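Examination of the molecular architecture
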Amino acid sequence: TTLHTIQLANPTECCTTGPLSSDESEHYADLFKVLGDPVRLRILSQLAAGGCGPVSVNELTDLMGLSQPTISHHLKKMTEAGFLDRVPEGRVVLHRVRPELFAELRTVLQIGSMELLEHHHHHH
Amino acid sequence: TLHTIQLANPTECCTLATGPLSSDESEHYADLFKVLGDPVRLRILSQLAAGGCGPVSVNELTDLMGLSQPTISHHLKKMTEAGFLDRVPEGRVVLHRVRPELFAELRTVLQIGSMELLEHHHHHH
Ligand SMILES: [As]
Ligand SMILES: [As]
């Protein structure tokens with residue numbers, strides 16, 4: 001049996017490896033460039049507000065009030081970078097958020113003491 | 001142990017990112033990521049954090065990075081205007097220190113389907 005609790009952990013030490021290398025810096029820069037576009041971030045808001053369910057371009061055009069060609073231009077940039085997966089079988093193509101790169105970028109930005117939850121697993 | 005967990009309930013999945021992403025501050029967030037989409041800037045952030053986040057002078061960072069003082073000074077100015085850094089005096093010498101606030105905010109905007117927490121297992125007898 002396990003009793004689960006979620007509690008507050010004490011703050012971490014500020015910035016709990018060394019400085020990023022030339023290539024690792026070039027890579028994350030490239031990713032931040034992709035999210036550096038207000039349209040792209042707005043796209044992301046709407047994927048997020050739908051619970052990260054898959055969506056079609058016509059659904060995103062309805063959610064955003066921008067044209068299909070606009071939303072497509074930006075979905076390709078986002079898929080190419082790796083923030084979204086394209087599920088192309090069928091009559092209507094879906095796009096799905098991928099969590100992986102968002103987590104890597106969170107790590108890059110772990111500057112300062114963090115306030116985290118702690119999940120205690122009480123096995124008994 | 002630190003653990004990135006998947007947030008498989010759609011209501012929980014993006015529960016901390018949805019609001020700031022949806023807000024009229026979203027264009028600001030995107031300007032911040034644009035500021036961050038420069039490699040030299042990211043490395044400056046790296047050198048600062050690799051020093052425990054103490055305030056550092058431009059002279060010290062030009063020595064650490066091998067880049068010229070006009071280069072680093074340009075980057076520092078853009079990062080300070082963005083709010084990532086601010087300036088703190090040491091007598092008449094100007095130091096730069098990272099500000100944790102915006103970064104914590106950016107972490108929340110990027111909490112898309114997963115999050116970091118600490119896992120602790122306990123046994124009982
Ligand atoms: As989500
Ligand atoms: As630090």
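Thresholds, definitions, all that
- Residues numbered from 1 in each chain as written, not as in the entry; some residues may be left out.
- Chains lettered and ligands numbered in written order.
- Heavy atoms only, no water.
- Residues with missing side-chain atoms left out of burial classes, pairs and counts.
- Contact = heavy atoms within 4.5 Å.
- Buried area = accessible area lost by both parts, 1.4 Å probe.
- Salt bridge = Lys/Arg side-chain N within 4 Å of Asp/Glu carboxyl O.
- Polar contact = N/O pair within 3.5 Å; in protein donor to acceptor, adjacent residues only side chain to side chain.
- Helix = DSSP H or I, 4+ residues; strand = E, 2+ residues; numbered from the N terminus.
- Expected span 1.5 Å × (residues − 1).
- Buried < 20%, exposed > 50% of the residue type's maximum accessible area, 1.4 Å probe, protein only.
- Pairing = 2+ DSSP bridges.
- Axes fitted to C-alpha atoms, helices over the stretch in contact; angles between N-to-C directions.
- Patch = residues over 30% accessible without salt bridge, like charges linked within 9 Å, V, L, I, M, F, W, Y side chains within 5 Å.
- Areas by Shrake-Rupley, 256 points an atom, 1.4 Å probe, with all protein chains shown as cover.
- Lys, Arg positive; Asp, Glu negative; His and termini not counted.
- Charge placed at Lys NZ, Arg CZ, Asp CG, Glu CD.

For this deposition, the record names X-ray crystallography as the technique by which the model was determined and cites 1.60 Å as its resolution.

Considering the interface of chain B and chain A
Taken together, the 48 residues of chain B in the interface contact 46 residues of chain A. Interface area, chain B with chain A, both sides summed: about 4100 Å², of which 68% is carbon and sulfur. Of all residues in chain B, B:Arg107, B:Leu110 and B:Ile112 give up the largest surface area on contact with chain A, accounting jointly for 15% of the area buried on that side. Notably, a salt bridge pairs A:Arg106 with B:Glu116, separated by 2.7 Å at the nearest N-O pair. At the junction of chain B and chain A, the tally comes to 19 residue pairs in polar contact.

Topic: helix α2 (residues 38–49) of chain A
All names here are of chain A. The first and last C-alpha atoms of α2 sit 16 Å apart over 12 residues, in line with the 16 Å expected at 1.5 Å per residue. Listing the buried residues of α2 in full gives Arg 40, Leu 41, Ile 43, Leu 44, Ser 45, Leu 47 and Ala 48. You can read the cap of α2 off the contacts: a side-chain oxygen lies 2.9 Å from the backbone nitrogen of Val 39, and it is on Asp 37. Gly 51 sits one or two positions beyond α2 and adopts a positive phi of about 75 degrees.

As for the sheet that holds strand β1 (residues 2–6) of chain B
Ordered in space as β1(A)-β4(A)-β5(B)-β1(B), the 4 strands form an open sheet in which the pairing is mixed. Where the open sheet ends on each side, the last strands, each with one partner, are β1 (2–8) of chain A together with β1 of chain B. The average undirected angle you get between the axes of adjacent strands in this sheet is 40 degrees. The pairing of strand β4 (residues 117–123) of chain A with strand β5 (residues 114–123) of chain B spans 6 bridges and is classified as parallel. Residue pairing for β5(B): A:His123 is matched across the bridge by B:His123.

Some remarks on the pairing of β5(B)
Alignment of β1(B) against β5(B), held across 5 bridges, turns out to be antiparallel. Looking at the pairing, B:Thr4 lines up with B:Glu116 of β5(B).

Details of a negative patch on the surface
On the surface, a cluster of negative charge is made up of A:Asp23, A:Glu24, A:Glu26 and A:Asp30. Take A:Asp23: its relative accessible area is 62%, and that puts it in the exposed class.

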